[PDB]
Structures are given as C-alpha cells and as structure tokens.
Amino acid sequence: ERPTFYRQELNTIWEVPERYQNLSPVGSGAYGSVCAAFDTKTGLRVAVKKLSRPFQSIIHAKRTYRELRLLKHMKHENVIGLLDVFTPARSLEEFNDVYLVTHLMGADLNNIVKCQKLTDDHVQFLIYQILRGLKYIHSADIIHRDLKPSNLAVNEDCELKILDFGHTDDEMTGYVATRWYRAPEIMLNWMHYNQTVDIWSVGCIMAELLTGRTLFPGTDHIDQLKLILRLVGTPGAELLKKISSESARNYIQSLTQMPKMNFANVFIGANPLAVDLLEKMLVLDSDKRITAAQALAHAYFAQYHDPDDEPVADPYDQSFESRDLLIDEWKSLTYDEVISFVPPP
Ligand SMILES: Cn1c(=O)c(Oc2ccc(F)cc2F)cc2cnc(NC(CCO)CCO)nc21
C-alpha cells in the first residue's frame with residue numbers, strides 16, 4: 001500500500017512518507033542533498049538523499065538509473081545498502097523525484113584519522129572491513145573508482161561501510177584529497193583500467209592510517225606522479241608497453257629512472273606484516289597488485305580473516321552501461337526499479 005506523504009521545505013520541498021520524522025539537513029552526497037531522519041518503522045537513524053534533477057538530461061537520467069541499480073544490488077555489512085527508495089508520484093506520468101534511504105553513519109574516516117596515527121590493531125580492523133567490502137563489490141565486477149577516507153563511514157564500534165561506489169577536471173586540480181588516493185593509471189589515463197585501481201587507493205588509505213599523513217599529497221598531477229615514482233620506482237619496460245596512451249608513455253620515458261624505496265625505511269616502526277601488505281598493494285603495474293580476496297588471506301589480518309564469512313555478490317547485470325536510450329526510457333527503467341523495491345529483512 002502507498003504510505004501517506006507529508007511536505008517540508010529543506011535544502012527545495014521534500015515529500016516523504018510519515019514514517020520518516022525529524023528530517024534535518026546533513027549536507028551533500030553524490031548527485032543530491034542528504035537529510036538525517038528517524039525511521040519510526042524500523043527505529044533506525046537514516047540518511048535520506050533526494051536527487052537533484054534526476055531526469056534533466058540523458059546523462060543525469062542514466063546516472064540516476066545507475067545509482068539506483070548499484071544501491072539495490074549491494075547487500076553486504078561493509079557496503080552502503082538501500083533501506084528504502086520512494087517517490088510521491090502515483091504513476092510514471094507524474095514521476096519526477098527519487099529519494100534514497102540508507103543507514104545514518106556517525107563519522108567518515110577523515111574524522112577518525114584527524115592528523116593522528118591509529119594503533120596497529122585499529123588499522124588491521126579498518127582495512128580488513130574495507131577489503132571485505134571490496135571483495136564483495138569486485139566479485140560483482142563493480143569498481144569503486146574513487147575510494148578515499150571521506151567515502152568510508154564508521155559507527156561508534158568502528159564498524160565500517162563503503163559509500164559512493166560505481167568528479168570534474170577542476171575538482172581534481174591541485175592540492176586536493178580528491179586526487180591523492182587515485183591510482184596513477186587512472187589519474188593520467190594510461191590505459192583501460194580495472195578493479196585493482198581500488199587496491200591502490202586502499203594502500204594509500206592504509207599508509208595514512210599508519211602514519212597519520214597523506215601518502216602522496218601532490219600539489220598537482222605531475223607532482224603527485226613524482227611522489228608516487230619516488231616510492232615505488234619508475235616503470236619498467238614491461239609496464240611501459242601496457243601504457244596504451246602513446247603520449248603518456250612518452251612523458252613517462254622522459255623521467256630519470258628511480259629504484260623502488262625500502263618500505264621498512266619509509267614506514268619506520270610499523271608492523272612488518274603491514275609493510276609487506278603495503279608493498280603488495282602499492283605496485284605500479286596494476287596486473288601485479290594483490291587483489292581484495294588475496295589481501296584478506298594475508299597474515300596481517302590473521303585475527304579477522306574468515307574465508308567462510310567473506311561473501312561474494314550475486315551477478316550484477318550492467319549491460320545498460322553500453323546502452324543508448326532516451327530520457328523517458330531511462331526514466332521508465334528507473335520507475336520500474338523504484339516500484340519493484342523490496343525492503344531488507
Ligand atoms: C554523506 N552521506 C551520503 O552522501 C549518503 O548518501 C546516501 C547514499 C545512499 C542512500 F540510499 C542514501 C544516502 F543519503 C549517506 C550518508 C549516511 N550517513 C552519513 N553520515 C556522515 C555523518 C554526517 O552527519 C558520516 C559519513 O560521511 N553520511 C552520508
């Protein structure tokens with residue numbers, strides 16, 4: 001049955017089912033503003049995202065469909081999930097707004113690191129959960145592509161969820177956290193990239209949790225690359241071949257060759273098992289990076305690793321990605337997905 005909706009001006013008029021009370025602006029998220037609220041039906045504190053102009057263009061309509069598809073698929077402890085999706089619309093003809101509901105999270109990882117070192121046990125637990133969530137995400141052939149501490153949310157008990165999985169040129173420019181966790185092959189568009197871009201990001205995050213400091217705080221793309229290459233060495237012939245961009249490969253070759261540094265001398269005092277994992281994650285050749293599944297079985301996570309409690313995802317059909325459709329067709333697909341939603345247990 002259709003719930004009763006009530007109206008409220010927040011951020012824009014918000015029209016939500018009565019179950020959602022005490023709506024309070026919480027800021028911005030991916031492609032829309034977020035409100036905290038109390039779900040009287042479940043007793044949960046929730047985050048409610050209203051999408052801004054979900055169907056104003058083909059790009060927007062497809063993006064709307066994409067986010068809804070991704071959130072409906074994800075059913076994992078360490079990945080943001082969909083508690084509810086609703087529209088005040090009674091039909092496709094009047095359908096123009098989409099609201100997404102998930103758990104309200106207490107803080108992001110930026111708030112926790114706060115210029116300070118975490119204990120080795122904290123790093124173990126936090127990275128373990130990230131890799132557990134990434135194993136799940138990657139098993140569905142989904143790539144986050146933009147993992148960073150601000151996308152990693154935690155509750156009081158340090159229970160972690162990954163948000164915003166699956167940025168303009170300007171916001172990737174300069175001394176910005178938006179670029180600091182990006183694998184070099186995506187930062188400078190070396191090649192058709194895969195899942196392991198996210199493992200690079202995990203290495204950057206893990207090192208930051210260990211030192212309290214940004215691993216590669218480049219002032220720009222070029223500065224960041226030099227920072228990266230100083231640690232991991234300049235690419236060898238083998239990797240150079242795989243750089244399908246003639247232009248990028250040519251620039252790479254202009255740089256003075258540097259050997260990989262000793263990670264034990266970079267990360268003084270750190271668990272040698274942590275050092276070892278960082279070495280396996282922060283490999284320039286993405287083909288050779290440790291995967292999430294492999295990293296979970298690494299000795300560093302001995303006290304958390306359970307092969308029987310690290311689930312994979314159901315198959316995720318993303319054939320729509322290569323599909324060209326009109327606005328109203330993307331809208332109709334989105335509508336179907338809203339209508340068909342079944343709330344989690
Ligand atoms: C920033 N942000 C979102 O963009 C966000 O996006 C959504 C995704 C899917 C969805 F169905 C609904 C959403 F709102 C959810 C969300 C939940 N908790 C929190 N809590 C934050 C504390 C700030 O009060 C800390 C983590 O940033 N922030 C969120």
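We number each residue from 1, following the sequence as shown.
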Query raised in the report: Do the side chains of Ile143 and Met172 join up, straight or via other hydrophobic residues, at under 4.5 Å, putting them in one cluster?
Result: no

Report summary line: One should read off an interatomic distance between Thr40 OG1 and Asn22 CG, to the nearest 0.5 angstrom, of 9.5 Å

Query raised in the report: Does the side chain of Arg69 reach to within under 4.5 Å of the side chain of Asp317, using non-hydrogen atoms?
Result: yes

**Report entry** Note, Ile162 side chain near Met74 side chain (heavy atom, < 4.5 Å)
**Finding:** no

Query raised in the report: Counting only N and O atoms by type, is there a donor-acceptor contact under 3.5 Å from the side chain of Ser332 to the main-chain atoms of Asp328?
Result: no

**Report entry** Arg2 side-chain N/O to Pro88 backbone N/O, donor-acceptor pair under 3.5 Å
**Finding:** yes

Query raised in the report: What are the two closest non-hydrogen atoms of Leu104 and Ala36, and how far apart are they?
Result: CD1-CB, 3.9 Å

Requested in this report: Applying salt bridge (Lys or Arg N to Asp or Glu O under 4.0 Å), run through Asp220 and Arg179 and close with a yes or a no.
Outcome: CA-CA 8 Å; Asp220 57 70; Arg179 203 194 52 247; over 6 Å; no

Query raised in the report: Which of these, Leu82, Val338, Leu83, sits in a side-chain contact (heavy atoms from CB on, under 4.5 Å) with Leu100?
Result: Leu82

Query raised in the report: What do the steps show when you test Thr119 against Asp121 for side chain to side chain contact (heavy atoms under 4.5 Å, CB included), and what is the final call?
Result: CA-CA 5 Å; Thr119 66; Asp121 188 63; 4.3 Å; yes

Query raised in the report: Quick one: CG on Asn78 to CD on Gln129, what's the gap to the nearest 0.5 Å?
Result: 5.0 Å

Query - Heavy-atom side-chain proximity of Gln195 to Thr291 below 4.5 angstrom - result: no

Requested in this report: Report whether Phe341 and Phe5 are members of the same hydrophobic cluster (ILVMFWY, side-chain heavy atoms less than 4.5 Å apart, transitive linking).
Outcome: no

Query raised in the report: When you look at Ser340 and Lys72, which way does the side chain to side chain donor-acceptor pair (under 3.5 Å) test go after all the steps?
Result: CA-CA 10 Å; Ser340 63; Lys72 286 187 67 177; 3.0 Å; yes

Requested in this report: Answer whether the closest heavy-atom distance between the side chains of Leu215 and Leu282 falls below 4.5 Å.
Outcome: yes

Report task. Following the transitive rule for hydrophobic clusters with a side-chain heavy-atom cut-off under 4.5 Å over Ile, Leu, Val, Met, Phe, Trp and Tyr, establish whether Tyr31 and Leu71 coincide in one cluster. Result -> no

Query raised in the report: Which pairs with one or both residues in residues 98-129 pass ring pair (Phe, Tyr, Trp, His ring centres under 6.0 Å), sequence neighbours excluded?
Result: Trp14-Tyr99, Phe86-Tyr99, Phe125-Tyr304, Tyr128-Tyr304

Report task. Report the C-alpha distance between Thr87 and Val98 in whole Å, list the side-chain angles of each, state the deciding distance to 0.1 Å, and finish with yes or no for side chain to side chain contact (heavy atoms under 4.5 Å, CB included). Result -> CA-CA 5 Å; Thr87 182; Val98 174; 5.7 Å; no

Query raised in the report: Any chain of hydrophobic side-chain contacts (each under 4.5 Å) joining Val202 to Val283?
Result: no

Requested in this report: Check the pair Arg289 / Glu185 against salt bridge (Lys or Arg N to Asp or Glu O under 4.0 Å), numbers first and verdict last.
Outcome: CA-CA 13 Å; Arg289 284 176 207 153; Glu185 69 273 13; 2.8 Å; yes

Query raised in the report: Does the side chain of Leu284 reach to within under 4.5 Å of the side chain of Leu229, using non-hydrogen atoms?
Result: yes

**Report entry** Connected via hydrophobic side-chain network under 4.5 Å: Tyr181 and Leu277
**Finding:** yes

Query raised in the report: What's the spacing between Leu296 CG and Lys135 NZ if we round to 0.5 Å?
Result: 6.5 Å

Query raised in the report: Is there a donor-acceptor pair under 3.5 Å between the side chain of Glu94 and the backbone N or O of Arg90?
Result: yes

Query raised in the report: For the residue pair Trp330 and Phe320, does the interplanar ring angle fall in the parallel (under 30°), tilted (30 to 60°) or perpendicular (over 60°) class?
Result: perpendicular

Query - Test: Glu329 and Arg323 ion pair at under 4.0 Å - result: no

Query raised in the report: Does a side-chain heavy-atom distance below 4.5 Å link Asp97 with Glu15?
Result: no

Requested in this report: Kindly compute the distance separating CZ (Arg213) from SG (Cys115), expressed to the nearest 0.5 Å.
Outcome: 6.0 Å

Query raised in the report: How far apart are the closest heavy atoms of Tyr316 and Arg66, and which atoms are they?
Result: OH-O, 4.3 Å

Query - Non-hydrogen side-chain atoms of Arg19 and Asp84 separated by less than 4.5 Å - result: yes

Report summary line: Heavy-atom closest pair (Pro235 atom, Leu240 atom, distance to 0.1 Å) is O-CD1, 4.2 Å

Query raised in the report: Is any side-chain heavy atom of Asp164 closer than 4.5 Å to a side-chain heavy atom of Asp146?
Result: no

Query - Short side-chain to backbone donor-acceptor contact, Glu310 and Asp306, under 3.5 Å - result: yes

**Report entry** Short side-chain donor-acceptor distance under 3.5 Å, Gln124 and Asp120
**Finding:** yes

Query - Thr102 (side chain) donor-acceptor with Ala47 (main chain) under 3.5 angstrom - result: no

Report summary line: Of all heavy-atom pairs linking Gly218 and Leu227, the shortest is N-CD1, 3.6 Å

Query raised in the report: Are side-chain N/O atoms of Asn194 and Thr196 paired as donor and acceptor at under 3.5 Å?
Result: yes

Query - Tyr193-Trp200 aromatic ring centre distance below 6.0 Å - result: no

Query raised in the report: Can you check whether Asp108's main-chain N or O pairs, donor with acceptor, with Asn111's side chain at less than 3.5 Å?
Result: yes

Query - CA sep, side-chain torsions, deciding dist, call: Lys260, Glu279, side chain to side chain contact (heavy atoms under 4.5 Å, CB included) - result: CA-CA 10 Å; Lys260 180 193 157 294; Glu279 295 190 308; 3.1 Å; yes

Requested in this report: Apply the test side chain to side chain contact (heavy atoms under 4.5 Å, CB included) to residues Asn11 and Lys50: give CA-CA distance (whole Å), side-chain angles for both, the deciding distance (0.1 Å), then the verdict.
Outcome: CA-CA 10 Å; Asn11 289 140; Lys50 185 191 181 175; over 6 Å; no

Query raised in the report: Out of curiosity, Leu225 CG to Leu255 CG, how far, rounded to the nearest 0.5 Å?
Result: 6.5 Å

**Report entry** Distance-minimising heavy-atom pair for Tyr136 and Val79
**Finding:** CD2-CG2, 4.1 Å

Report summary line: One should read off an interatomic distance between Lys161 NZ and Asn155 CG, to the nearest 0.5 angstrom, of 8.0 Å

Report summary line: Looking only at heavy atoms, the pair that brings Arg132 and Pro311 closest together is NH2-CD, 3.9 Å

